[PDB]
file target18.tsv (TSV, N, CA and C atoms)
chain	number	residue	atom	x	y	z
A	73	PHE	N	-54.66	55.09	72.94
A	73	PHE	CA	-54.01	55.39	71.67
A	73	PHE	C	-53.12	56.61	71.86
A	74	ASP	N	-52.08	56.76	71.03
A	74	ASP	CA	-51.18	57.90	71.15
A	74	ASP	C	-50.85	58.46	69.78
A	75	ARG	N	-50.28	59.66	69.78
A	75	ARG	CA	-49.86	60.29	68.53
A	75	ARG	C	-48.66	59.59	67.93
A	76	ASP	N	-47.60	59.43	68.73
A	76	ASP	CA	-46.41	58.75	68.27
A	76	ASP	C	-46.64	57.26	68.07
A	77	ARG	N	-47.71	56.71	68.66
A	77	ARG	CA	-48.16	55.37	68.30
A	77	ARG	C	-48.51	55.30	66.82
A	78	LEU	N	-49.34	56.23	66.35
A	78	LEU	CA	-49.70	56.27	64.94
A	78	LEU	C	-48.51	56.63	64.07
A	79	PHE	N	-47.61	57.47	64.57
A	79	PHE	CA	-46.37	57.75	63.84
A	79	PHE	C	-45.51	56.50	63.69
A	80	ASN	N	-45.45	55.67	64.73
A	80	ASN	CA	-44.69	54.43	64.63
A	80	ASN	C	-45.37	53.46	63.67
A	81	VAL	N	-46.71	53.45	63.67
A	81	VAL	CA	-47.45	52.57	62.76
A	81	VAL	C	-47.19	52.95	61.31
A	82	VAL	N	-47.27	54.25	61.00
A	82	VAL	CA	-47.03	54.67	59.63
A	82	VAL	C	-45.55	54.65	59.28
A	83	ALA	N	-44.67	54.66	60.28
A	83	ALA	CA	-43.26	54.45	59.98
A	83	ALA	C	-42.99	52.99	59.64
A	84	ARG	N	-43.76	52.07	60.24
A	84	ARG	CA	-43.56	50.65	59.98
A	84	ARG	C	-43.95	50.28	58.55
A	85	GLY	N	-45.16	50.65	58.14
A	85	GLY	CA	-45.58	50.48	56.77
A	85	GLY	C	-46.48	49.30	56.49
A	86	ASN	N	-46.89	48.55	57.51
A	86	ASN	CA	-47.81	47.44	57.32
A	86	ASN	C	-49.24	47.93	57.46
A	87	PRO	N	-50.10	47.72	56.47
A	87	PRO	CA	-51.47	48.25	56.57
A	87	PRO	C	-52.32	47.52	57.60
A	88	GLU	N	-52.06	46.24	57.84
A	88	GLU	CA	-52.80	45.51	58.88
A	88	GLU	C	-52.42	46.00	60.26
A	89	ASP	N	-51.21	46.54	60.42
A	89	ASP	CA	-50.85	47.22	61.66
A	89	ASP	C	-51.68	48.49	61.85
A	90	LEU	N	-52.11	49.12	60.75
A	90	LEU	CA	-53.03	50.25	60.82
A	90	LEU	C	-54.46	49.71	60.88
A	91	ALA	N	-54.79	49.13	62.03
A	91	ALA	CA	-56.09	48.53	62.25
A	91	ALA	C	-56.85	49.30	63.32
A	92	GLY	N	-58.14	49.51	63.08
A	92	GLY	CA	-59.00	50.11	64.08
A	92	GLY	C	-58.78	51.58	64.33
A	93	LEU	N	-58.08	52.27	63.44
A	93	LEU	CA	-57.92	53.72	63.59
A	93	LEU	C	-59.24	54.44	63.38
A	94	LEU	N	-60.06	53.93	62.45
A	94	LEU	CA	-61.38	54.50	62.21
A	94	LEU	C	-62.30	54.29	63.40
A	95	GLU	N	-62.28	53.09	63.98
A	95	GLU	CA	-63.13	52.79	65.12
A	95	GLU	C	-62.73	53.61	66.33
A	96	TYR	N	-61.43	53.74	66.58
A	96	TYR	CA	-60.94	54.55	67.69
A	96	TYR	C	-61.24	56.03	67.45
A	97	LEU	N	-61.15	56.48	66.20
A	97	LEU	CA	-61.41	57.88	65.89
A	97	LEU	C	-62.89	58.22	66.03
A	98	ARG	N	-63.76	57.31	65.61
A	98	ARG	CA	-65.19	57.54	65.76
A	98	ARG	C	-65.61	57.43	67.22
A	99	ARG	N	-64.94	56.58	67.99
A	99	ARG	CA	-65.23	56.48	69.41
A	99	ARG	C	-64.80	57.74	70.16
A	100	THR	N	-63.63	58.29	69.81
A	100	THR	CA	-63.12	59.45	70.53
A	100	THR	C	-63.65	60.77	69.99
A	101	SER	N	-64.34	60.74	68.84
A	101	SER	CA	-64.92	61.92	68.18
A	101	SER	C	-63.87	62.99	67.87
A	102	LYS	N	-62.70	62.56	67.41
A	102	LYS	CA	-61.62	63.47	67.06
A	102	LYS	C	-61.09	63.15	65.67
A	103	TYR	N	-60.64	64.19	64.98
A	103	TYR	CA	-60.11	64.08	63.63
A	103	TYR	C	-58.60	63.99	63.64
A	104	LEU	N	-58.05	63.46	62.54
A	104	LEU	CA	-56.61	63.34	62.41
A	104	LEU	C	-55.93	64.68	62.18
A	105	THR	N	-56.69	65.71	61.81
A	105	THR	CA	-56.15	67.05	61.64
A	105	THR	C	-56.24	67.85	62.93
A	106	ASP	N	-56.89	67.30	63.96
A	106	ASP	CA	-56.98	67.97	65.25
A	106	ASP	C	-55.62	67.99	65.93
A	107	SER	N	-55.49	68.90	66.90
A	107	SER	CA	-54.18	69.24	67.47
A	107	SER	C	-53.53	68.10	68.24
A	108	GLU	N	-54.31	67.11	68.68
A	108	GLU	CA	-53.74	65.93	69.33
A	108	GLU	C	-52.89	65.11	68.37
A	109	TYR	N	-53.28	65.07	67.10
A	109	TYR	CA	-52.60	64.27	66.10
A	109	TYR	C	-51.71	65.09	65.19
A	110	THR	N	-51.79	66.41	65.25
A	110	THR	CA	-50.74	67.22	64.65
A	110	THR	C	-49.48	67.14	65.51
A	111	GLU	N	-48.33	67.35	64.87
A	111	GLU	CA	-47.10	67.44	65.65
A	111	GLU	C	-47.06	68.74	66.44
A	112	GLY	N	-47.37	69.86	65.79
A	112	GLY	CA	-47.38	71.14	66.44
A	112	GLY	C	-46.07	71.90	66.36
A	113	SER	N	-44.95	71.19	66.17
A	113	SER	CA	-43.68	71.87	65.98
A	113	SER	C	-43.64	72.58	64.63
A	114	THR	N	-44.09	71.90	63.58
A	114	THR	CA	-44.22	72.50	62.26
A	114	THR	C	-45.61	72.32	61.66
A	115	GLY	N	-46.51	71.61	62.34
A	115	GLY	CA	-47.80	71.28	61.77
A	115	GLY	C	-47.83	69.99	61.00
A	116	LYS	N	-46.78	69.19	61.10
A	116	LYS	CA	-46.62	68.00	60.27
A	116	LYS	C	-47.60	66.92	60.70
A	117	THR	N	-48.18	66.24	59.72
A	117	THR	CA	-49.21	65.24	59.96
A	117	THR	C	-48.66	63.84	59.73
A	118	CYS	N	-49.54	62.86	59.90
A	118	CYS	CA	-49.15	61.47	59.72
A	118	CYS	C	-49.01	61.12	58.25
A	119	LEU	N	-49.79	61.78	57.39
A	119	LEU	CA	-49.71	61.52	55.96
A	119	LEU	C	-48.36	61.91	55.40
A	120	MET	N	-47.84	63.05	55.83
A	120	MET	CA	-46.53	63.49	55.36
A	120	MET	C	-45.43	62.57	55.88
A	121	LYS	N	-45.62	62.03	57.08
A	121	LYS	CA	-44.66	61.08	57.63
A	121	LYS	C	-44.66	59.79	56.83
A	122	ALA	N	-45.84	59.31	56.45
A	122	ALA	CA	-45.91	58.09	55.65
A	122	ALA	C	-45.38	58.32	54.25
A	123	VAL	N	-45.51	59.53	53.71
A	123	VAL	CA	-44.96	59.79	52.39
A	123	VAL	C	-43.44	59.88	52.46
A	124	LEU	N	-42.90	60.43	53.56
A	124	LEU	CA	-41.45	60.52	53.72
A	124	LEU	C	-40.77	59.16	53.82
A	125	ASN	N	-41.50	58.12	54.19
A	125	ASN	CA	-40.93	56.78	54.25
A	125	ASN	C	-41.42	55.98	53.06
A	126	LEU	N	-40.57	55.86	52.04
A	126	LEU	CA	-40.84	55.02	50.88
A	126	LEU	C	-39.75	53.97	50.83
A	127	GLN	N	-40.04	52.78	51.36
A	127	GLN	CA	-39.07	51.69	51.35
A	127	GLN	C	-38.86	51.17	49.94
A	128	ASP	N	-39.93	50.70	49.32
A	128	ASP	CA	-39.92	50.34	47.91
A	128	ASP	C	-40.32	51.56	47.10
A	129	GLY	N	-40.72	51.34	45.85
A	129	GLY	CA	-41.31	52.40	45.06
A	129	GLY	C	-42.64	52.90	45.57
A	130	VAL	N	-43.31	52.14	46.44
A	130	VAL	CA	-44.56	52.56	47.06
A	130	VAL	C	-44.46	52.37	48.56
A	131	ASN	N	-45.44	52.92	49.26
A	131	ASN	CA	-45.73	52.56	50.64
A	131	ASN	C	-47.23	52.28	50.68

call {"tool": "encode", "arguments": {"input": "target18.tsv", "output": "structure tokens"}}
result
Amino acid sequence: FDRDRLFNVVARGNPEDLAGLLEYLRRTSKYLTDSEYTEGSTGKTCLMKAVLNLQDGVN
């Protein structure tokens, strides 16, 4: 799994594409707020990236 992998998934916007993130996260024992999944340039997370992409009125 990768950081920009999850960024590409949340940029895409399909929820079925966001599959097994919980299983992978519980297997790796790491949180989404941990430094591997932070950007680190500004601290930007995946949630803010998904909010920045609103194709329709929702994502």

call {"tool": "atom_distance", "arguments": {"input": "target18.tsv", "atom1": "atom N of residue 76 in chain A", "atom2": "CA of residue 100 in chain A"}}
result
15.6 Å

call {"tool": "closest_residue", "arguments": {"input": "target18.tsv", "among": "A:109, A:118, A:131, A:124", "to": "residue 74 in chain A", "atoms": "only N, CA and C atoms"}}
result
A:109

call {"tool": "residues_around", "arguments": {"input": "target18.tsv", "residues": "residue 117 in chain A", "least_positions_apart": "4", "cutoff": "12 Å", "atoms": "only C-alpha atoms", "output": "list in words"}}
result
residues 75, 76, 78, 79, 82, 103, 104, 105, 106, 107, 108, 109, 110, 111, 112, 113, 121, 122, 123 and 124 of chain A

call {"tool": "atom_distance", "arguments": {"input": "target18.tsv", "atom1": "atom C of residue 96 in chain A", "atom2": "CA of residue 77 in chain A"}}
result
13.1 Å

call {"tool": "atom_distance", "arguments": {"input": "target18.tsv", "atom1": "CA of residue 127 in chain A", "atom2": "CA of residue 91 in chain A"}}
result
20.5 Å

call {"tool": "axis_aligned_box", "arguments": {"input": "target18.tsv", "around": "range 104-116 of chain A", "padding_each_side": "6 Å", "output": "JSON"}}
result
{"center_x": -50.8, "center_y": 68.0, "center_z": 64.8, "size_x": 26.4, "size_y": 21.2, "size_z": 21.1}

call {"tool": "select_by_dssp", "arguments": {"input": "target18.tsv", "residues": "chain A", "states": "helix (DSSP H, G or I)", "output": "PyMOL selection string"}}
result
chain A and resi 75-84+93-100+118-124

call {"tool": "closest_residue", "arguments": {"input": "target18.tsv", "among": "A:125, A:73, A:116, A:97", "to": "residue 85 in chain A", "atoms": "only N, CA and C atoms"}}
result
A:125

call {"tool": "decode", "arguments": {"input": "target18.tsv", "residues": "range 81-131 of chain A", "atoms": "N, CA and C atoms", "output": "mmCIF file, in the first residue's frame"}}
result
data_model
loop_
_atom_site.group_PDB
_atom_site.id
_atom_site.type_symbol
_atom_site.label_atom_id
_atom_site.label_comp_id
_atom_site.auth_asym_id
_atom_site.auth_seq_id
_atom_site.Cartn_x
_atom_site.Cartn_y
_atom_site.Cartn_z
ATOM 1 N N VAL A 81 -6.925 7.127 -4.738
ATOM 2 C CA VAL A 81 -8.233 6.528 -4.472
ATOM 3 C C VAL A 81 -9.242 7.599 -4.075
ATOM 4 N N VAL A 82 -8.851 8.494 -3.166
ATOM 5 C CA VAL A 82 -9.780 9.541 -2.758
ATOM 6 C C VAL A 82 -9.906 10.629 -3.812
ATOM 7 N N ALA A 83 -8.947 10.738 -4.729
ATOM 8 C CA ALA A 83 -9.137 11.633 -5.855
ATOM 9 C C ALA A 83 -10.140 11.062 -6.841
ATOM 10 N N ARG A 84 -10.193 9.730 -6.956
ATOM 11 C CA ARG A 84 -11.113 9.086 -7.891
ATOM 12 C C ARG A 84 -12.561 9.275 -7.458
ATOM 13 N N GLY A 85 -12.872 8.923 -6.216
ATOM 14 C CA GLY A 85 -14.178 9.182 -5.652
ATOM 15 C C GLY A 85 -15.126 8.008 -5.600
ATOM 16 N N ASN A 86 -14.686 6.814 -5.987
ATOM 17 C CA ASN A 86 -15.531 5.631 -5.902
ATOM 18 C C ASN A 86 -15.328 4.964 -4.551
ATOM 19 N N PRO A 87 -16.386 4.742 -3.768
ATOM 20 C CA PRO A 87 -16.192 4.150 -2.435
ATOM 21 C C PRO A 87 -15.789 2.690 -2.476
ATOM 22 N N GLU A 88 -16.206 1.945 -3.503
ATOM 23 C CA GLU A 88 -15.787 0.554 -3.630
ATOM 24 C C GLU A 88 -14.312 0.452 -3.978
ATOM 25 N N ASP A 89 -13.757 1.488 -4.613
ATOM 26 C CA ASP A 89 -12.314 1.562 -4.789
ATOM 27 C C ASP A 89 -11.605 1.737 -3.453
ATOM 28 N N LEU A 90 -12.267 2.359 -2.476
ATOM 29 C CA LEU A 90 -11.743 2.443 -1.115
ATOM 30 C C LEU A 90 -12.138 1.176 -0.357
ATOM 31 N N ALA A 91 -11.498 0.077 -0.736
ATOM 32 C CA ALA A 91 -11.772 -1.228 -0.160
ATOM 33 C C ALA A 91 -10.561 -1.718 0.615
ATOM 34 N N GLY A 92 -10.816 -2.303 1.783
ATOM 35 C CA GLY A 92 -9.764 -2.938 2.550
ATOM 36 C C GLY A 92 -8.766 -2.005 3.192
ATOM 37 N N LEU A 93 -9.086 -0.713 3.293
ATOM 38 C CA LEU A 93 -8.201 0.211 3.994
ATOM 39 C C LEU A 93 -8.178 -0.082 5.487
ATOM 40 N N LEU A 94 -9.324 -0.485 6.039
ATOM 41 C CA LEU A 94 -9.397 -0.858 7.446
ATOM 42 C C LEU A 94 -8.602 -2.125 7.729
ATOM 43 N N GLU A 95 -8.721 -3.127 6.852
ATOM 44 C CA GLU A 95 -8.001 -4.381 7.042
ATOM 45 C C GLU A 95 -6.501 -4.171 6.926
ATOM 46 N N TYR A 96 -6.073 -3.381 5.940
ATOM 47 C CA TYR A 96 -4.655 -3.079 5.785
ATOM 48 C C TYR A 96 -4.136 -2.249 6.950
ATOM 49 N N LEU A 97 -4.962 -1.331 7.462
ATOM 50 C CA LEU A 97 -4.543 -0.480 8.569
ATOM 51 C C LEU A 97 -4.430 -1.271 9.867
ATOM 52 N N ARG A 98 -5.357 -2.200 10.096
ATOM 53 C CA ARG A 98 -5.282 -3.038 11.285
ATOM 54 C C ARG A 98 -4.150 -4.045 11.179
ATOM 55 N N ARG A 99 -3.843 -4.500 9.962
ATOM 56 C CA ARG A 99 -2.715 -5.403 9.777
ATOM 57 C C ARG A 99 -1.389 -4.688 10.007
ATOM 58 N N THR A 100 -1.262 -3.447 9.532
ATOM 59 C CA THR A 100 0.002 -2.734 9.656
ATOM 60 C C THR A 100 0.151 -2.001 10.982
ATOM 61 N N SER A 101 -0.926 -1.927 11.780
ATOM 62 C CA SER A 101 -0.956 -1.261 13.092
ATOM 63 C C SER A 101 -0.542 0.210 13.004
ATOM 64 N N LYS A 102 -1.016 0.900 11.969
ATOM 65 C CA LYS A 102 -0.715 2.309 11.774
ATOM 66 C C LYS A 102 -1.999 3.083 11.525
ATOM 67 N N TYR A 103 -2.009 4.335 11.973
ATOM 68 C CA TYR A 103 -3.154 5.223 11.839
ATOM 69 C C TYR A 103 -3.007 6.126 10.624
ATOM 70 N N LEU A 104 -4.145 6.654 10.170
ATOM 71 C CA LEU A 104 -4.144 7.556 9.025
ATOM 72 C C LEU A 104 -3.567 8.922 9.366
ATOM 73 N N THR A 105 -3.451 9.249 10.649
ATOM 74 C CA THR A 105 -2.850 10.499 11.086
ATOM 75 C C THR A 105 -1.350 10.340 11.309
ATOM 76 N N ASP A 106 -0.840 9.114 11.221
ATOM 77 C CA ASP A 106 0.587 8.876 11.366
ATOM 78 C C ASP A 106 1.346 9.443 10.169
ATOM 79 N N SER A 107 2.655 9.639 10.364
ATOM 80 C CA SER A 107 3.472 10.416 9.434
ATOM 81 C C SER A 107 3.618 9.770 8.062
ATOM 82 N N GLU A 108 3.396 8.459 7.954
ATOM 83 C CA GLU A 108 3.422 7.790 6.660
ATOM 84 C C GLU A 108 2.290 8.261 5.763
ATOM 85 N N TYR A 109 1.140 8.573 6.351
ATOM 86 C CA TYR A 109 -0.040 8.969 5.604
ATOM 87 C C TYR A 109 -0.293 10.468 5.640
ATOM 88 N N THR A 110 0.427 11.210 6.472
ATOM 89 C CA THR A 110 0.454 12.650 6.302
ATOM 90 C C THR A 110 1.290 13.001 5.082
ATOM 91 N N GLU A 111 0.998 14.156 4.489
ATOM 92 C CA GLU A 111 1.851 14.636 3.411
ATOM 93 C C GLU A 111 3.192 15.106 3.956
ATOM 94 N N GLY A 112 3.172 15.897 5.023
ATOM 95 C CA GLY A 112 4.383 16.390 5.629
ATOM 96 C C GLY A 112 4.853 17.727 5.105
ATOM 97 N N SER A 113 4.474 18.087 3.878
ATOM 98 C CA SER A 113 4.806 19.407 3.359
ATOM 99 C C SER A 113 4.022 20.489 4.085
ATOM 100 N N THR A 114 2.726 20.268 4.287
ATOM 101 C CA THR A 114 1.896 21.163 5.073
ATOM 102 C C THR A 114 1.132 20.449 6.175
ATOM 103 N N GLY A 115 1.231 19.126 6.265
ATOM 104 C CA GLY A 115 0.432 18.365 7.199
ATOM 105 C C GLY A 115 -0.889 17.896 6.644
ATOM 106 N N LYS A 116 -1.090 18.028 5.341
ATOM 107 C CA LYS A 116 -2.378 17.770 4.716
ATOM 108 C C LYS A 116 -2.688 16.280 4.709
ATOM 109 N N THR A 117 -3.938 15.943 4.995
ATOM 110 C CA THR A 117 -4.367 14.561 5.126
ATOM 111 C C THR A 117 -5.211 14.147 3.931
ATOM 112 N N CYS A 118 -5.672 12.897 3.974
ATOM 113 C CA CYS A 118 -6.485 12.372 2.887
ATOM 114 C C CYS A 118 -7.899 12.916 2.937
ATOM 115 N N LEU A 119 -8.387 13.231 4.139
ATOM 116 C CA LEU A 119 -9.732 13.773 4.285
ATOM 117 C C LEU A 119 -9.847 15.133 3.624
ATOM 118 N N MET A 120 -8.834 15.980 3.800
ATOM 119 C CA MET A 120 -8.855 17.294 3.177
ATOM 120 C C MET A 120 -8.744 17.186 1.667
ATOM 121 N N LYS A 121 -8.020 16.178 1.186
ATOM 122 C CA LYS A 121 -7.928 15.946 -0.247
ATOM 123 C C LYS A 121 -9.266 15.515 -0.820
ATOM 124 N N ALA A 122 -9.974 14.638 -0.110
ATOM 125 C CA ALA A 122 -11.283 14.208 -0.580
ATOM 126 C C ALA A 122 -12.302 15.334 -0.506
ATOM 127 N N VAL A 123 -12.151 16.250 0.453
ATOM 128 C CA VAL A 123 -13.077 17.372 0.518
ATOM 129 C C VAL A 123 -12.790 18.357 -0.606
ATOM 130 N N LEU A 124 -11.512 18.534 -0.963
ATOM 131 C CA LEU A 124 -11.156 19.441 -2.054
ATOM 132 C C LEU A 124 -11.674 18.978 -3.410
ATOM 133 N N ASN A 125 -11.987 17.702 -3.565
ATOM 134 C CA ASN A 125 -12.543 17.203 -4.817
ATOM 135 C C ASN A 125 -14.031 16.946 -4.622
ATOM 136 N N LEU A 126 -14.852 17.878 -5.087
ATOM 137 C CA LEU A 126 -16.302 17.724 -5.090
ATOM 138 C C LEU A 126 -16.756 17.790 -6.542
ATOM 139 N N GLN A 127 -16.938 16.620 -7.158
ATOM 140 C CA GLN A 127 -17.386 16.564 -8.547
ATOM 141 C C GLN A 127 -18.830 17.027 -8.666
ATOM 142 N N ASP A 128 -19.729 16.344 -7.979
ATOM 143 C CA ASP A 128 -21.106 16.779 -7.851
ATOM 144 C C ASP A 128 -21.220 17.653 -6.610
ATOM 145 N N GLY A 129 -22.447 17.839 -6.128
ATOM 146 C CA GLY A 129 -22.653 18.490 -4.849
ATOM 147 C C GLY A 129 -22.119 17.718 -3.661
ATOM 148 N N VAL A 130 -21.854 16.418 -3.819
ATOM 149 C CA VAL A 130 -21.257 15.603 -2.769
ATOM 150 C C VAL A 130 -20.063 14.856 -3.338
ATOM 151 N N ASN A 131 -19.307 14.251 -2.433
ATOM 152 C CA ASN A 131 -18.355 13.203 -2.768
ATOM 153 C C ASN A 131 -18.639 12.063 -1.803
#
